[PDB]
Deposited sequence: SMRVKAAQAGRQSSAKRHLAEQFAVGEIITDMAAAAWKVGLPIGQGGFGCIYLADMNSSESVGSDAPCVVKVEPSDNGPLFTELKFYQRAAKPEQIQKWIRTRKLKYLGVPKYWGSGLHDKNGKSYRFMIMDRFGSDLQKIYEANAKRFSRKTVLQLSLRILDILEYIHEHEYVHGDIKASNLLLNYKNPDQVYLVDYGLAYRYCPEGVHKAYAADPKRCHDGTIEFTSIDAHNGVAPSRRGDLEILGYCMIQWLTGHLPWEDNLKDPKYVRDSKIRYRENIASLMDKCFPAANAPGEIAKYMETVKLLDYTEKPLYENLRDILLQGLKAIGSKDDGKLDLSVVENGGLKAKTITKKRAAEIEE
């Protein structure tokens, strides 16, 4: 079922016109023109059945949090170079072959980080890991301040800007969670209308305990990615078919972070900014607002330690 005739012009709810291209159900897209949509198209159009739950969830997040001017204004005020939240360009409803579809136009990207990680024999340098994590912290602060948590940070959800390999973006908000609607934090409890536990090797202890994801969970997920990226491994990676095992290790390692460091890093040679990062996340209550700038400054010490600085170079 081809949802679009290639090269057709579609108009979104605000009457903005777009041309649809070849796929990369996501298709290359661009502004309406006499010219065809090329391989170097700046946008993609995602189309799903109108009854698809995740697309609606993702679209609401994009409308609410990723308006182009909204993002630019944040970038300018917080004095960032960029912000890795993809931009929302429009959406609508598309009926084809007697069925109803929903579509959304968003930024197009280059490679995901997982392909790059694997091509590098599953290692990122300390430099690369710290630079990635600083920008992810910028992203998490932004979405958290707009009432959402992601719940599933990982390399395959991190894409490079297709025209700038030093900018990384966090994608996939189909199972993102609105933890703070109208400024009222969700209680420490399960959400019946939510099925997802994240990705098993990276997910939060909260998620393992069947509680809705919150801000501390996102920072914890990022913690586990940092270790994975630095070392090629997590301690519980042998037994991911048993979520009981994975939660148990996580809980015990949270209780003793030095033993996590000893386990994951050689000898007596563990990067202290990572330990400090995890110690800081461990102190967070379920409903508590992280001190994002403190977390960034902890990472900045890692860079100072290795003879570098936050120069924006991901060094991939």
{"item": "Missing CA stretches, deposited numbering from 1, N-terminus first", "value": "1 to 19, 44 to 49, 342 to 364"}
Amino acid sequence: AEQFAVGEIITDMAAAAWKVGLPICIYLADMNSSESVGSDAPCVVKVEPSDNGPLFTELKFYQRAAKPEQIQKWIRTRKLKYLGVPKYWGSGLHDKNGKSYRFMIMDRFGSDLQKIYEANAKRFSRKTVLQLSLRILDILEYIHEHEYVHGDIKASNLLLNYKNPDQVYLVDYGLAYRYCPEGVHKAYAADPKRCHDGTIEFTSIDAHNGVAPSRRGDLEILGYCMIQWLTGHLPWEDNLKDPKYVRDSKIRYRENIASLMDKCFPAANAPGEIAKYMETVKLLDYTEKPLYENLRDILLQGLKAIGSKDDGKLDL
From here on, numbers count along this sequence of modelled residues.
query	finding
Between 157 to 165 and 138 to 146 (mean CA B-factor, as deposited), the higher	157 to 165
Mean C-alpha temperature factor, higher of 232 to 240 and 185 to 193	185 to 193
Highest-ranked of 208, 73, 215, 108 once sorted by CA temperature factor in the record	73
Deposited CA B-factor, highest of 87, 96, 178, 102	96
Modelled-residue ranking by C-alpha temperature factor, third containing residue 38	highest
Third of the chain, ranked by Cα B-factor, where residue 267 sits	highest
Third of the chain, ranked by Cα B-factor, where residue 112 sits	middle
Third of the chain's Cα B-factor distribution that residue 22 belongs to, per the entry	highest
Third of the chain, ranked by Cα B-factor, where residue 125 sits	highest
